[PDB]
Amino acid sequence: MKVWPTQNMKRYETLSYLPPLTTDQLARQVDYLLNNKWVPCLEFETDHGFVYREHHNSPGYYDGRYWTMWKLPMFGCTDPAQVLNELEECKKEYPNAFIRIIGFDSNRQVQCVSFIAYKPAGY
Amino acid sequence: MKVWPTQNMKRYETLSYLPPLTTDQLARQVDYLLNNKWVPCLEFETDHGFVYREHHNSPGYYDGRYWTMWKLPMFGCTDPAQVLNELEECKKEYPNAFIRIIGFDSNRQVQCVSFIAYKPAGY
Amino acid sequence: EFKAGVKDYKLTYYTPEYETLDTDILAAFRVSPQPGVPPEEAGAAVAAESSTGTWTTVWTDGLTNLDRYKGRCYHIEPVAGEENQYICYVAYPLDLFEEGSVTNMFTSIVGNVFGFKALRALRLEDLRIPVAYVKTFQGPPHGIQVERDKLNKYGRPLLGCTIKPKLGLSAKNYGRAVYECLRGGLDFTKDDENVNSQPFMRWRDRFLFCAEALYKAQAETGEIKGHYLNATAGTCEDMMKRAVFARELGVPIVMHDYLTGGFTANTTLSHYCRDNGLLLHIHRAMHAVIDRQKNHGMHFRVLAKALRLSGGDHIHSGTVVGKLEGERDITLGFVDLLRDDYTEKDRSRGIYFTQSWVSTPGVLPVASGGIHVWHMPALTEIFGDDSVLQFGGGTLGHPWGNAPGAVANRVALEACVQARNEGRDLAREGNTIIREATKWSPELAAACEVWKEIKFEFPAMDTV
Amino acid sequence: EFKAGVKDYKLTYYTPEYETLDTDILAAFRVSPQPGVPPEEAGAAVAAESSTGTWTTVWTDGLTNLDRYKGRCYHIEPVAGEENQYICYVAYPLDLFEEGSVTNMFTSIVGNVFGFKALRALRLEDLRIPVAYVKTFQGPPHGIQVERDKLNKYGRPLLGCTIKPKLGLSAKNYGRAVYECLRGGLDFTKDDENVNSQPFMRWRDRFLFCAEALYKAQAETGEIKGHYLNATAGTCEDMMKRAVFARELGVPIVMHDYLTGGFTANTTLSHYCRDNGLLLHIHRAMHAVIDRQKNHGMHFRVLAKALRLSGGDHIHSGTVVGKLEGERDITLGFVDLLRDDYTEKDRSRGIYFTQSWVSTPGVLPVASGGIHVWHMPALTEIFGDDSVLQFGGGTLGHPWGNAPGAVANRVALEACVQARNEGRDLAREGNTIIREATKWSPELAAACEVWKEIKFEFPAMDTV
Amino acid sequence: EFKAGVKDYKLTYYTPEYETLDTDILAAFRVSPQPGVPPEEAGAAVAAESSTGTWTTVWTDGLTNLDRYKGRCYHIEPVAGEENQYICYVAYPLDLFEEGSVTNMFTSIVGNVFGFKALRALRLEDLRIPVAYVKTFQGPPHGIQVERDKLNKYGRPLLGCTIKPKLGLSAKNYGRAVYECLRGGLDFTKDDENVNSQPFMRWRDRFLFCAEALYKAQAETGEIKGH
Amino acid sequence: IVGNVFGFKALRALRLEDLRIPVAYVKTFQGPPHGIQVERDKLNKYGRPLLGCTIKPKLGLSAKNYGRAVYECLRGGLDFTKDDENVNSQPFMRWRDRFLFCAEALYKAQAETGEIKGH
Amino acid sequence: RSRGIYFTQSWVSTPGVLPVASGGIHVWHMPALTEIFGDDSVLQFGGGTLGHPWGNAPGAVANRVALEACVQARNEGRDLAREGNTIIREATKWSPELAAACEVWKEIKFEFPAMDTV
Ligand SMILES: O=C(O)[C@@](O)(COP(=O)(O)O)[C@H](O)[C@H](O)COP(=O)(O)O
Ligand SMILES: O=C(O)[C@@](O)(COP(=O)(O)O)[C@H](O)[C@H](O)COP(=O)(O)O
Ligand SMILES: O=C(O)[C@@](O)(COP(=O)(O)O)[C@H](O)[C@H](O)COP(=O)(O)O
Ligand SMILES: [Mg+2]
Ligand SMILES: [Mg+2]
Ligand SMILES: [Mg+2]
Ligand SMILES: [Mg+2]
């Protein structure tokens with residue numbers, strides 16, 4: 001009978017309970033988002049990697065949901081290599097940030113994909 | 001396509017997005033204030049260099065707007081050297097503080113000039 | 001001439017030449033007449049007594065224009081496979097209904113006709129709600145898009161869990177179970193539908209302890225958490241009192257049993273949730289009393305459309321593979337009616353009319369009841385990303401406790417999502433996908449071992 | 001040992017040696033199991049999933065005392081005349097229910113069990129509500145005694161009438177019809193169940209015009225009059241808004257569709273009526289969707305007891321002889337459950353448990369639907385003085401208009417009351433009694449002529 | 001693809017092949033373009049700036065489906081005998097409007113387009129309000145039928161009268177004038193549009209005296225009166 | 001002043017160019033809730049014009065995307081952002097959701113830049 | 001009368017209102033706008049910000065930089081009406097965000113005959 005750890009067990013939503021994604025698994029997730037014609041976009045955060053409540057406490061309000069946009073959503077992108085390239089660029093400029101890859105469905109206007117692609121040192 | 005930085009990018013209102021003011025550029029701003037017959041005054045702050053909200057959160061309330069006055073407003077001042085002189089004096093006594101120069105219009109009772117003239121090391 | 005006396009209903013209420021208007025409410029009734037009653041008269045009786053007529057001629061009909069207000073049976077179709085059973089289509093003018101009131105809509109359409117002596121049985125299969133009427137309702141307080149945006153959750157079905165035993169736990173033990181469940185990877189936990197306020201646990205004490213647990217789990221995991229606090233009560237005042245405290249606690253979601261509580265009270269809560277930013281989970285307790293049998297009652301798709309109008313962010317939809325009944329095709333049918341903006345007529349899925357929603361937000365379907373880790377591939381394949389999968393006994397029944405039970409479900413789910421995204425067939429490779437994950441997840445391995453042989457396979461009553 | 005895994009429900013939920021407590025809620029379920037499912041397991045499943053258990057073993061059961069909280073199937077009886085059908089009796093501890101909430105009571109007892117795959121059909125026949133639980137409810141706002149005392153009406157059934165056409169009349173024409181009906185001898189008139197607020201007639205305009213007509217008829221006749229103003233609405237707020245205006249007008253009675261509106265909203269209105277002196281007429285719209293079939297649903301007697309607890313001064317009970325279904329013995333059974341303080345178990349009338357009400361006021365049964373003057377003797381004989389007989393089409397369908405139509409019904413009724421009081425047999429002499437009255441009452445003679453051959457005779461679905 | 005820069009409005013907002021939906025709000029604009037501005041461009045600019053677009057291309061358009069939200073000029077016809085004047089028909093999706101708010105409806109349709117430099121003049125001639133939008137409004141508190149039924153007046157036009165002088169009369173003299181008017185056969189009398197509450201006559205005093213006067217006139221004539 | 005006179009048949013056209021409002025009447029009004037001086041003092045902004053920006057497209061964006069656009073605009077140096085005039089409450093974006101997300105956005109931008117922000 | 005003011009107007013200390021300049025303006029208009037309105041005004045750039053090739057943040061930077069460059073030049077005594085273009089171009093040398101914006105809208109002007117004339 002194993003006891004689930006309580007220390008340094010922060011999670012990052014979708015896919016974070018699986019083993020770390022290898023280079024090929026990451027590429028497959030990007031291909032999935034492109035084959036569904038969703039628009040890829042990168043987001044990064046250096047200060048608050050997890051939600052908190054500083055400015056308000058009402059229902060549905062949380063701080064830390066918005067991260068910073070890396071350049072612009074890659075409209076018209078059809079090559080997964082282009083997305084992977086920006087990831088490397090972002091990592092180089094922000095090695096100390098959490099980097100997230102998202103995919104927009106412009107018809108429903110909902111993000112159909114979202115997962116951490118990079119975590120800084122100590123996470 | 002460049003991404004606007006998120007780290008250590010604090011700003012100080014009017015003129016803070018321009019390259020650092022040179023000695024003469026600073027003097028010309030003081031000349032501008034004096035030529036318009038506004039009265040100069042210096043303010044400094046050592047701990048809360050930026051606004052925050054500790055004591056209240058209602059509309060229009062923020063802490064950190066008020067700084068400490070350096071001596072008194074220079075009523076009847078007509079020599080820019082006099083102003084730049086007090087600035088050096090203030091820096092000598094408070095090298096660890098932010099120092100800003102403001103200009104009062106007594107008729108409208110509105111500050112028509114306000115810019116950071118000195119920042120502590122690291123900023 | 002006002003001629004006193006009884007006339008057949010079909011003389012005025014059976015109009016096979018009628019062309020429906022885009023503002024009419026259309027109804028598809030499964031009618032089983034008594035021997036000797038013609039289908040035209042049976043269909044006309046239903047149309048008449050659910051709109052403007054009664055059993056004998058009244059002079060007051062002449063004071064108004066009945067042609068403009070009467071319900072009309074405009075089409076009759078024999079049902080194949082059954083004896084003396086027909087599908088009768090009835091059209092109702094837009095003017096007959098009160099704006100924004102599901103209560104009024106049902107009072108007319110299913111008010112008294114199901115008890116007519118002239119009928120053996122009657123069932124309402126579907127309703128075509130015109131867009132002009134749809135716009136008079138608020139609809140879900142938030143809807144799928146907004147909910148995902150508020151909770152910051154994307155790319156996978158959401159995970160929930162009902163606390164057990166149903167009744168009998170104290171307020172503190174409830175929060176204790178909630179904390180352990182949420183810290184393991186579940187997004188939500190919830191009050192059982194019958195957990196309101198009782199001697200063993202009063203509502204305010206429960207709300208208070210669950211919020212403490214909920215916030216502790218959120219801090220520990222870094223993921224936003226919620227616990228459906230049940231606002232279902234005996235009066236409007238009590239229901240509001242509970243919703244108000246939830247608002248004070250700053251929690252994200254509350255729940256309501258819309259059928260046992262009632263449409264009037266549900267609409268009130270729906271509006272309150274919209275004005276106060278609270279997500280609203282809807283439980284369909286009692287629905288099977290009404291929609292189980294093929295020959296009599298109201299099909300769930302009708303109760304589902306009614307909820308989307310009155311208002312709810314989630315609603316249980318069945319599991320197909322669980323302990324409660326639910327056919328696959330029929331379920332997929334009303335799931336589309338709950339999430340999409342447009343659904344075309346499709347008799348193979350029990351959809352009698354094309355339904356449009358003019359941007360009324362979609363509702364998240366909730367699969368719950370007797371499901372476990374081995375059902376994960378099938379659930380993911382059937383419902384897709386926009387759904388909530390709940391495991392009550394499937395979490396609290398894990399040999400190592402709540403946290404490990406939650407981990408097993410979260411891992412099983414993500415393994416399926418990853419496999420699907422990579423192009424694998426969940427229907428064909430489901431079992432192997434779960435097995436592969438048990439190799440690195442002892443929590444999942446322990447769960448698979450316990451429920452390996454458990455399935456629920458019985459003949460269905462509700463069939464198209 | 002907490003042993004993870006699935007066990008049969010009967011191991012914990014079938015206790016044939018259990019002796020019920022006087023504080024337990026007892027339920028009689030008509031159970032039809034799927035082939036291969038033993039009645040003991042089917043009965044245990046129902047008891048379990050409607051009280052404390054789920055489909056697999058959970059460790060949390062050990063934190064509490066399940067023996068003290070679990071629902072129990074304590075008796076099983078085969079149903080004669082049916083195949084693979086049993087009556088299963090279940091006992092529920094008093095602690096499982098929220099005080100004063102019918103909503104909570106039903107959520108547990110009929111919440112999820114009707115959809116179990118392991119069952120083909122399920123029907124709740126009766127409930128034994130312990131006096132300890134009965135005392136937590138307000139009950140009728142007034143009740144039979146108080147109502148008769150407020151209206152100053154004694155010695156005969158009360159007379160009502162639904163305005164027709166159901167929908168389509170303007171506010172002014174509604175009041176016009178109301179005035180003519182009341183001045184002829186009827187005690188009440190009423191909004192049809194689906195008349196709430198619509199384009200052709202908004203509620204406030206209706207309330208206003210009906211009060212004018214109502215007061216004019218009272219002044220003209222010298223007898224106290226009333227018109228059931230429908231408060232049924234889409235939200236609690238709207239419902240209250242309508243009840244409030246009725247209070248302002250000073251009128252005696254309002255009505256509510258308790259099933260389409262919902263128990264939560266109904267209980268709110270019931271309490272308001274008690275605090276403001278308003279009589280509350282309850283319409284059972286939608287009940288047949290639930291109680292028509294013998295094999296599945298909930299019998300009306302259960303819905304009737306629920307209303308007496310939540311609160312209502314009147315409630316429709318059926319006519320037996322009218323256009324809507326209703327068997328004589330079964331009807332007399334739940335009429336006693338609605339009016340008396342004590343009713344003993346009687347299987348010949350579908351009464352499974354002895355029910356005591358510890359002085360909760362009685363509710364006036366309302367006979368309505370497809371009845372006319374020739375049915376008067378039978379109605380009077382079946383229901384007795386404490387009832388309300390309503391004639392909608394039976395009044396507005398009279399060849400001479402509303403007033404003469406009202407006179408015909410009032411005369412027919414009093415003729416029966418007089419004959420009964422003198423010792424005549426209404427069952428045997430009914431027809432002759434009506435004929436004798438037509439000799440001096442041309443209004444009645446005209447009515448008898450029109451509906452002489454009209455009867456409603458069809459085979460009943462709901463049989464003991 | 002996001003390409004920064006200005007494009008003609010007609011490339012996105014002029015859709016002559018569009019067939020209107022029964023849920024669309026339709027508008028008929030009388031457009032007078034500046035010399036040199038094609039009617040297609042003028043019509044497209046009105047549709048664009050009264051619905052979803054602005055003067056230059058923005059990347060945010062790609063986050064949503066502009067095809068289901070954009071307003072569109074679907075037809076243009078010349079005005080007879082008028083120089084450089086056209087009637088441009090524009091369709092607006094139902095989703096652009098707030099339920100039950102005329103304020104919101106006008107804010108979009110006539111908010112900023114009347115001031116465009118590219119136009120000499122603009123006039124909104126008509127609007128087709130779809131039934132799905134009409135149902136989101138309460139409409140008249142009562143309406144013709146109910147009003148006649150409340151007042152018990154049928155078979156003829158009703159008669160009213162505005163009290164004069166417009167301003168300057170005291171509260172008591174106002175009621176005096178009202179009683180005399182109503183007792184002679186008029187169904188109604190009324191405050192002039194600019195009579196609200198002023199130094200020469202405060203509103204509560206007026207209401208009070210007019211009530212006394214109208215009830216006296218009603219009792220005298222036996223016909224229901226109003227002010 | 002402009003109630004009925006613009007429709008007189010005896011006139012071809014009419015336009016009100018100006019109005020001299022006497023001080024005695026001006027004193028019966030509250031006027032601006034705050035005004036130029038007080039606004040600059042509350043926001044701590046002096047010596048330059050203030051900078052704003054209307055979010056686009058006018059209509060069609062969801063509440064979350066609206067707040068996303070707002071944060072990015074404000075963090076770049078703008079003092080304010082704003083709802084387009086026709087953005088009230090609609091199917092694609094209800095008002096309370098927009099208010100909530102825009103608040104999160106503007107507070108993030110303010111903390112990042114150190115300058116007071118508004119939407 | 002040369003500005004359409006028919007009457008002398010007094011406000012007895014009623015607070016002033018901030019004028020807001022908005023609608024189809026971009027960085028090249030900054031000098032003119034600063035010259036016409038002065039410090040007490042609000043200049044708004046919708047398309048002028050969300051239309052920047054690099055996104056919102058860079059679009060905002062371009063406008064804030066353009067504005068402060070005009071304020072500094074004015075305070076030093078330079079003529080915004082005569083040196084406007086030069087002042088903007090000087091700033092494009094150290095601000096790549098502004099440079100990118102200037103490139104996109106350099107030819108865009110709105111010049112049409114006015115209906116509302118004195
Ligand atoms: O009471 C119960 O049985 C549950 O909490 C599930 O428990 P488990 O997770 O332990 O099975 C749910 O309410 C049912 O799923 C409702 O049925 P449906 O979803 O059909 O409305
Ligand atoms: O709508 C109707 O049909 C009625 O107004 C009767 O009209 P008539 O008097 O013209 O028949 C009543 O609501 C029914 O009696 C209700 O059924 P029950 O009493 O069974 O609940
Ligand atoms: O809807 C628009 O067009 C704007 O948001 C500007 O957008 P851009 O910044 O994209 O041009 C403004 O409301 C107008 O400036 C109003 O006109 P005015 O100021 O004349 O009242
Ligand atoms: Mg449950
Ligand atoms: Mg009725
Ligand atoms: Mg006038
Ligand atoms: Mg605008």
# chains A, B, ... in the order shown; residues from 1 in each chain; ligands from 1
>>> interface_residues(of="chain F", to="chain C", cutoff="10 Å", atoms="only C-alpha atoms", output="count of residues only")
14
>>> residues_near_ligand(ligand="ligand 2", cutoff="7 Å", atoms="only C-alpha atoms and all ligand atoms", output="PyMOL selection string")
(chain C and resi 49+54-55+112) or (chain D and resi 161-162+166+192-193+283-285+316-318+324+366-371+390-394)
>>> write_last_selection(atoms="C-alpha atoms", output="compact mmCIF listing (two decimals), in the first residue's frame")
# COMPACT_ATOMS: atom_id res chain seq x y z
CA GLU C 49 -56.54 18.92 -24.85
CA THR C 54 -62.15 20.39 -24.22
CA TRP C 55 -64.64 17.48 -24.44
CA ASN C 112 -53.38 16.25 -18.92
CA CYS D 161 -65.47 25.51 -13.41
CA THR D 162 -62.49 25.89 -15.73
CA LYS D 166 -57.90 26.65 -22.61
CA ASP D 192 -56.84 26.55 -16.93
CA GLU D 193 -53.59 24.90 -15.74
CA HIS D 283 -53.47 21.17 -9.97
CA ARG D 284 -51.69 17.88 -10.69
CA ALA D 285 -50.63 18.62 -14.28
CA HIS D 316 -57.45 16.98 -8.11
CA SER D 317 -58.38 13.37 -7.41
CA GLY D 318 -60.03 12.21 -10.62
CA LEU D 324 -59.60 10.82 -17.58
CA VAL D 366 -61.39 17.93 -6.62
CA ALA D 367 -63.32 15.92 -9.22
CA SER D 368 -62.85 17.44 -12.68
CA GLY D 369 -62.72 16.49 -16.35
CA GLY D 370 -65.42 15.52 -18.82
CA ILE D 371 -68.28 15.39 -16.34
CA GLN D 390 -65.75 21.18 -11.48
CA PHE D 391 -67.54 21.60 -14.80
CA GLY D 392 -65.63 23.48 -17.49
CA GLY D 393 -67.12 22.34 -20.77
CA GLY D 394 -70.07 21.22 -18.66
>>> residues_around(residues="residue 106 (chain F)", least_positions_apart="6", cutoff="10 Å", atoms="only C-alpha atoms", output="list in words")
residues 67, 68, 70, 71, 72, 73, 74, 75, 80, 81, 112, 116, 117, 118 and 119 of chain F
>>> closest_atom_pairs(of="chain B", to="chain A", cutoff="8 Å", atoms="only C-alpha atoms", output="tab-separated table")
residue	atom	partner	partner_atom	distance
B:1	CA	A:71	CA	6.9
B:2	CA	A:71	CA	7.1
B:3	CA	A:71	CA	5.7
B:7	CA	A:46	CA	7.8
>>> write_last_selection(atoms="N, CA, C and O atoms", output="CSV table (one decimal), in the first residue's frame")
chain,number,residue,atom,x,y,z
B,1,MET,N,10.6,39.6,-35.6
B,1,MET,CA,9.5,39.8,-34.6
B,1,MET,C,10.1,39.6,-33.2
B,1,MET,O,10.6,38.6,-32.8
B,2,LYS,N,10.1,40.7,-32.4
B,2,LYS,CA,10.7,40.7,-31.1
B,2,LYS,C,9.6,40.7,-30.0
B,2,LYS,O,8.5,41.2,-30.2
B,3,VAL,N,9.9,40.0,-28.9
B,3,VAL,CA,8.9,39.8,-27.8
B,3,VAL,C,9.3,40.8,-26.7
B,3,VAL,O,10.5,40.8,-26.3
B,7,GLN,N,10.6,40.5,-17.5
B,7,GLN,CA,11.4,40.6,-16.2
B,7,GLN,C,12.1,41.9,-16.0
B,7,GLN,O,12.7,42.5,-16.9
>>> select_by_dssp(residues="region 3-111 of chain A", states="strand (DSSP E)", output="list in words")
residues 39, 40, 41, 42, 43, 44, 45, 68, 69, 70, 98, 99, 100, 101, 102, 103, 104, 105, 110 and 111 of chain A
>>> interface_residues(of="chain G", to="chain B", cutoff="8 Å", atoms="only C-alpha atoms", output="list in words")
residues 53, 54, 57, 58, 64, 65, 68, 69, 72, 75 and 76 of chain G
>>> write_last_selection(atoms="N, CA and C atoms", output="PDB file, in the first residue's frame")
ATOM      1  N   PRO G  53       2.519  44.702 -36.633  1.00  0.00           N
ATOM      2  CA  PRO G  53       2.991  43.395 -37.097  1.00  0.00           C
ATOM      3  C   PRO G  53       3.518  42.428 -36.039  1.00  0.00           C
ATOM      4  N   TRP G  54       3.959  42.938 -34.892  1.00  0.00           N
ATOM      5  CA  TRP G  54       4.491  42.056 -33.853  1.00  0.00           C
ATOM      6  C   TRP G  54       3.528  41.758 -32.703  1.00  0.00           C
ATOM      7  N   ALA G  57       1.680  44.034 -27.377  1.00  0.00           N
ATOM      8  CA  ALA G  57       2.708  44.659 -26.547  1.00  0.00           C
ATOM      9  C   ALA G  57       3.618  45.570 -27.375  1.00  0.00           C
ATOM     10  N   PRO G  58       4.159  45.069 -28.503  1.00  0.00           N
ATOM     11  CA  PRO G  58       5.029  45.923 -29.322  1.00  0.00           C
ATOM     12  C   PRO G  58       4.243  47.100 -29.903  1.00  0.00           C
ATOM     13  N   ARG G  64       3.614  54.427 -27.128  1.00  0.00           N
ATOM     14  CA  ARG G  64       4.124  55.091 -25.930  1.00  0.00           C
ATOM     15  C   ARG G  64       5.445  55.795 -26.252  1.00  0.00           C
ATOM     16  N   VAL G  65       6.294  55.131 -27.033  1.00  0.00           N
ATOM     17  CA  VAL G  65       7.575  55.708 -27.421  1.00  0.00           C
ATOM     18  C   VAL G  65       7.367  56.930 -28.317  1.00  0.00           C
ATOM     19  N   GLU G  68       6.167  59.867 -26.055  1.00  0.00           N
ATOM     20  CA  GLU G  68       7.176  60.459 -25.182  1.00  0.00           C
ATOM     21  C   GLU G  68       8.257  61.188 -25.974  1.00  0.00           C
ATOM     22  N   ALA G  69       8.489  60.753 -27.210  1.00  0.00           N
ATOM     23  CA  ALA G  69       9.484  61.397 -28.061  1.00  0.00           C
ATOM     24  C   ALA G  69       8.978  62.787 -28.446  1.00  0.00           C
ATOM     25  N   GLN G  72       9.130  65.054 -25.209  1.00  0.00           N
ATOM     26  CA  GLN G  72      10.489  65.495 -24.935  1.00  0.00           C
ATOM     27  C   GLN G  72      10.914  66.603 -25.901  1.00  0.00           C
ATOM     28  N   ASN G  75       9.147  69.876 -25.105  1.00  0.00           N
ATOM     29  CA  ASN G  75       9.683  70.488 -23.894  1.00  0.00           C
ATOM     30  C   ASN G  75      11.042  71.138 -24.131  1.00  0.00           C
ATOM     31  N   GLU G  76      11.814  70.592 -25.066  1.00  0.00           N
ATOM     32  CA  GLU G  76      13.126  71.147 -25.373  1.00  0.00           C
ATOM     33  C   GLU G  76      12.993  72.382 -26.260  1.00  0.00           C
TER      34      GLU G  76
END
>>> residues_near_ligand(ligand="ligand 6", cutoff="10 Å", atoms="only C-alpha atoms and all ligand atoms", output="list in words")
residues 161, 162, 163, 164, 165, 166, 190, 191, 192, 193, 194 and 195 of chain E; 3 and 4 of chain F
>>> interface_residues(of="chain D", to="chain E", cutoff="12 Å", atoms="only C-alpha atoms", output="list in words")
residues 170, 171, 172, 173, 174, 175, 176, 198, 199, 200, 201, 202, 203, 204, 205, 206, 208, 209 and 212 of chain D
>>> interface_residues(of="chain F", to="chain E", cutoff="6 Å", atoms="only C-alpha atoms", output="PyMOL selection string")
chain F and resi 57-59+86+89-91
>>> atom_distance(atom1="CA of residue 97 (chain D)", atom2="CA of residue 68 (chain D)")
13.5 Å
>>> interface_residues(of="chain F", to="chain B", cutoff="7 Å", atoms="only C-alpha atoms", output="ChimeraX atom specification")
/F:37,42,44-48,112-115
>>> atom_distance(atom1="CA of residue 362 (chain D)", atom2="CA of residue 461 (chain D)")
28.1 Å
>>> decode(residues="region 266-277 of chain C", atoms="N, CA, C and O atoms", output="tab-separated table (two decimals), in the first residue's frame")
chain	number	residue	atom	x	y	z
C	266	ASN	N	-35.28	25.71	-10.23
C	266	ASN	CA	-34.04	25.57	-10.97
C	266	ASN	C	-33.74	26.82	-11.79
C	266	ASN	O	-32.60	27.26	-11.85
C	267	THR	N	-34.77	27.39	-12.41
C	267	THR	CA	-34.58	28.59	-13.21
C	267	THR	C	-34.12	29.74	-12.32
C	267	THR	O	-33.30	30.56	-12.73
C	268	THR	N	-34.66	29.81	-11.11
C	268	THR	CA	-34.25	30.85	-10.17
C	268	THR	C	-32.75	30.72	-9.86
C	268	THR	O	-32.01	31.70	-9.89
C	269	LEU	N	-32.32	29.50	-9.57
C	269	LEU	CA	-30.91	29.25	-9.25
C	269	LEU	C	-30.02	29.53	-10.45
C	269	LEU	O	-28.93	30.09	-10.32
C	270	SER	N	-30.49	29.14	-11.64
C	270	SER	CA	-29.73	29.37	-12.86
C	270	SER	C	-29.43	30.86	-13.04
C	270	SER	O	-28.30	31.23	-13.36
C	271	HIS	N	-30.43	31.70	-12.82
C	271	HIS	CA	-30.24	33.14	-12.95
C	271	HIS	C	-29.28	33.67	-11.89
C	271	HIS	O	-28.45	34.53	-12.16
C	272	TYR	N	-29.40	33.15	-10.67
C	272	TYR	CA	-28.52	33.58	-9.59
C	272	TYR	C	-27.06	33.22	-9.90
C	272	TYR	O	-26.16	34.03	-9.68
C	273	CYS	N	-26.84	32.02	-10.43
C	273	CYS	CA	-25.49	31.59	-10.76
C	273	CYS	C	-24.86	32.46	-11.84
C	273	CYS	O	-23.66	32.73	-11.81
C	274	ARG	N	-25.69	32.90	-12.79
C	274	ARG	CA	-25.23	33.77	-13.87
C	274	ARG	C	-24.80	35.11	-13.28
C	274	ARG	O	-23.75	35.64	-13.64
C	275	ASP	N	-25.60	35.65	-12.37
C	275	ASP	CA	-25.28	36.94	-11.76
C	275	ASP	C	-24.18	36.92	-10.71
C	275	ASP	O	-23.69	37.97	-10.31
C	276	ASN	N	-23.78	35.73	-10.26
C	276	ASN	CA	-22.75	35.64	-9.24
C	276	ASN	C	-21.54	34.80	-9.59
C	276	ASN	O	-20.72	34.48	-8.72
C	277	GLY	N	-21.42	34.44	-10.86
C	277	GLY	CA	-20.27	33.68	-11.32
C	277	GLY	C	-20.10	32.25	-10.84
C	277	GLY	O	-18.97	31.75	-10.79
